[PDB]
Every structure is written in C-alpha cells, then in structure tokens.
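Okay, so here's the structure we're looking at.
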Amino acid sequence: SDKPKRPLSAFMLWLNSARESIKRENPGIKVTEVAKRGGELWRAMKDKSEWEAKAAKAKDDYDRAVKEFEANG
DNA sequence: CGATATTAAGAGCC
DNA sequence: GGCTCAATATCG
C-alpha cells in the first residue's frame, strides 16, 4: 500500500520505552513531561546504536512504501 | 477521521 | 525550499 506513516528519529524510538521508565518514578506524567525529561536524558545518551538501528530499519520500509506512492499517484 | 501538547534526526512532497 | 513525520490520552 501507498501513503506511509513516515519514519521516526532514534529519539522517538527510545522515548517510547523511556515513557514507561519515567511513569515508574512520576505518576502524573503522560507524554509532554516525558518529552522534557527526554530532552535532558537523550543529551546524556552516548552509544545510541540500538535506537539508530531501529529508526534506520523504519527508514528502509518507509522508502519501500514511498515507492508505491509513486506507482499509485 | 482531525485537533490539542512536547521533543528529536533523517529523507520525502512537488 | 516551506512544510512533513510520531507517541499517548481525550472530544468535536
């Protein structure tokens, strides 16, 4: 199928798991507080190759889905 | 289905 | 070359 949900950053990949880790320490948080805590934690996260490999995988399937967007429009 | 709220890195739309 | 992308939780 055409029209993909676009690819993500290495940040967004980690933020989804960090949301659950931040919920364990702060009960009032949802997503925007996790984005602020996220900014300070990602600044200190060297060797981010897990997060970079997962977003690079999403970029390859995005390029595949985008090829079908030109085949169907 | 589309709009509100916060933060980042990559390659696309036409 | 200005605009595009989630992730989670709710209402028009």
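So in PDB author numbering the end of the first sequence lands on 74, straight run, no missing numbers. Quick reminder that beta carbons are idealized off the backbone N, C-alpha and C, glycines included.
Are residue i and residue j closer than 8 Å when you measure CB to CB?
i   : j  : result
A56 : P8 : yes
From residue i to residue j, what does the alpha carbon distance come to, in whole angstroms?
i   : j   : result
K4  : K60 : 14 Å
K37 : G74 : 39 Å
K49 : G40 : 14 Å
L16 : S2  : 28 Å
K24 : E34 : 10 Å
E53 : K6  : 18 Å
Whose CA, out of the options, lies closest to the CA of residue i?
i   : options          : result
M13 : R25, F70 and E51 : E51
Could you give the residue range of the alpha helix (DSSP H) that holds residue i?
i   : result
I23 : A11 to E26
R7  : Neither: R7 is in no alpha helix (DSSP H) and is coded neither H nor E.
How do the stretch 54-66 and the stretch 18-32 stand: do at least 3 beta-carbon pairs fall below 8 Å, yes or no? Taking a contact to require three or more Cβ pairs closer than 8 Å, the stretch 54-66 and the stretch 18-32 do not qualify as touching.
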